[PDB]
């Protein structure tokens, strides 16, 4: 061959908070195969949407949508139990194969995206310039969304452990933890990274007796 196919933009999926999670880094020569494991956002969630994106922006909306499919039939389970393995496989012909398989159940759904799909050679240059120009705001969006996601994770896991401890949790601890949960829940609604991180830390500080019930 005289030529190799190389990705000019990151490829990946939309994850919680409308952020792009990259499966295939830009400047990758094909063929290539990459996979990452995702999970559900809620207890008893029966489906996940695989929204395939191309671009260098952090907000899913600012990137090029290549397609979407659902993986459904996820049997009821705790948040984080399902193991949704998402595979991006680009063959020699430049066709993107997207697979999502729950490795717990072997249930799988797929799409194929044609080598022609996505941004053109002008739009690629337009996308690279936008990412360059928006680099700082894009980073602050990504760091805020991730900090909220982390607060959300602590909030859910701490609530689970309160539920499990039941009547064994003393009243001083129950009152302090419930009150710390409300405070973090309120912080997540804001745009202040530091405020969410402080409420995470204050919850962690009062929850130590909680984990000592096991």
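Positions refer to the first chain, counted from 1. C-alpha atoms forming the largest set that superposes within 1.5 Å between two forms make up the rigid core.
- Each structure in 9 other deposited structures of this protein is fitted to the shown form on the rigid core, and of 2 to 10 and 203 to 211 the C-alphas lie farther away on average for 203 to 211.
- The higher RMS C-alpha distance to the shown form in 9 other deposited structures of this protein, out of 170 to 178 and 57 to 65, belongs to 170 to 178, with every structure fitted on the core.
- Higher mean CA temperature factor, per the PDB entry, when comparing 71 to 79 with 131 to 139: 131 to 139.
- Per the PDB record, of the two stretches 173 to 181 and 159 to 167, 159 to 167 carries the greater mean B-factor over its C-alpha atoms.
- The PDB entry assigns the greatest CA B-factor among 108, 121, 89, 85 to 121.
- In the deposited entry, the Cα temperature factor of residue 114 sits in the top third of values across the chain's modelled residues.
- Among the modelled residues of the chain, residue 148 sits in the middle third by CA temperature factor in this PDB entry.
- Split the chain's modelled residues into thirds by C-alpha temperature factor. Residue 104 is in the middle one.
- Sort the modelled residues of the chain by CA B factor and residue 58 lands in the highest third.
- In this PDB entry, residue 190 carries a Cα temperature factor that places it within the highest third of its chain's modelled residues.
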